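K.L.:
experimental coordinates for this protein are included below, preceded by the sequence.
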Amino acid sequence: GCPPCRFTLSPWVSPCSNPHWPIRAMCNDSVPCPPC
């Protein structure tokens, strides 16, 4: 399964705008369920 982004530090907007934890995959959220 997809590793869960618990506390999106976005906080409510897209996970791509997330302070720290700079994973590109969750920023690719427009793609099928991407892993954090």
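P.N.:
Done, it's in. Numbering: from 1, shown residues only.
K.L.:
switch to C-alpha atoms for all contacts and neighbour counts from now on
P.N.:
OK.
K.L.:
so residue 8 makes contact with residue 15?
P.N.:
Yes. If you go by Cα atoms under 8 Å, residue 8 and residue 15 touch, sitting 6.2 Å apart.
K.L.:
more neighbours: these two, which one.
P.N.:
Ranked by neighbour count (other Cα atoms under 10 Å), residue 8 and residue 15 place residue 15 first, with 23 against 16.
K.L.:
secondary structure class for the more buried one?
P.N.:
coil (DSSP: H, G, I helix; E, B strand; the rest coil).
K.L.:
quick one: residues contacting it.
P.N.:
By Cα atoms under 8 Å, 6 or more residues apart in numbering, the residues touching residue 15 are 8, 9, 26, 27, 29.
K.L.:
and the residue nearest the centre of the chain?
P.N.:
residue 26 (3.2 Å; Cα atoms, centre = their mean).
K.L.:
re the thing from before, between the contacts of residue 15, which sits nearest residue 36?
P.N.:
Among those, residue 26 lies closest to residue 36 (Cα to Cα), at 5.5 Å.
K.L.:
what helix or strand does that closest one sit in?
P.N.:
Per DSSP states H and E: residue 26 is located in helix 24-27.
K.L.:
ok, back up a step: quick check: the residue nearest to the centre of the chain touching residue 34?
P.N.:
Yes. The pair residue 26 and residue 34 qualifies as a contact (Cα under 8 Å) at a distance of 5.7 Å.
K.L.:
next one: residue 9 from residue 17, what distance?
P.N.:
8 Å (Cα to Cα, to the nearest Å).
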